[PDB]
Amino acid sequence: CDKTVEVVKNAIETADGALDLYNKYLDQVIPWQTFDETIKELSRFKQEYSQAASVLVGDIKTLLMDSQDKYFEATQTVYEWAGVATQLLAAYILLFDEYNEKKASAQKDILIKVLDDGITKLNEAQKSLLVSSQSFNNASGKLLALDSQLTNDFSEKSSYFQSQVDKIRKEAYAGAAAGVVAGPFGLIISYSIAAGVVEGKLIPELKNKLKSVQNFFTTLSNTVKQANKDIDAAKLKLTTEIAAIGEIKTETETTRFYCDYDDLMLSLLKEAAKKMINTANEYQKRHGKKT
């Protein structure tokens, strides 16, 4: 009965491998948690940016929210498959108890449903990943525009920079000749710097602050480009594995399940099922399943 054993193991392992492209690749290679925190932070200092930069920052936030949203959409689709797969595979395992030909037929129908539901759900999720990728790509384009915009805004000779300087100086002169003056983007400046008592230090302080803001977006820009590349890679690996599921499903359909399994064969088949039950449980747990 060794022939059936290798087809059936291959069926479960292939399905499992596809699930793991979410559970151990997509869920890991893109910093989802970091994007979530960044999305929630992105409106910070919104009134301080130039009009042009402010529009880009807002649109980047919206696109990153969409990338996240569509990732969550793909996730729920895969989660549904996982939840059904775990009940099915547990049923598969129990069917070995007091074995007979009716239970063998049921086992076969069950594994084919795992594979078939896999194809259907994973194909639906591919559409979500596609839109997530498109949104990362569009966010990237805007982040590239943002760099050039911030360069123009944050250069010393711009009216933007000059306004920032004038405001800080005006405030310093108008108050007491001690203490501190609040500037843009969280900058705090001592009176002596702001008022030029200590010579030539205000401009460098502002530049250092502004450069740090531009740097933040440069980092986000790199991180988005990387995410875009990785989600595209994941979506391609999934296309391949979805086809592989189809193949093994076909061979499974013509495979005879009713067999006089020995202890070894039984062990191997149950463990194969248990491996995917484990994958599915870990995935659903990460995505909020309680028990």
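Throughout, we count residues from 1 along the sequence that is shown.
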Going by the B-factors listed in the PDB entry, is the mean over the C-alpha atoms higher for 258-266 or for 43-51? 258-266
Looking at the deposited entry, does 66-74 or 26-34 carry the larger mean Cα B-factor? 26-34
Highest Cα temperature factor in the entry, among the options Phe185, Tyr99, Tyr79, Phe217: which one is it? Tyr99
With respect to the C-alpha temperature factors reported in the PDB entry, which of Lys142, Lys170, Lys121, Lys209 ranks highest? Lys170
Within this chain's modelled residues, let me know which third the CA B factor of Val197 belongs to: lowest, middle or highest. highest
Assert third(CA B-factor, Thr223) within chain per record equals lowest
State the tercile, meaning the lowest, middle or highest third, of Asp147 with respect to the CA B-factors recorded for its chain. middle
Place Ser155 in the lowest, middle or highest third of its chain's C-alpha B-factors, as listed in the PDB entry. highest
B-factor third for the C-alpha atom of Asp166 within its chain: highest
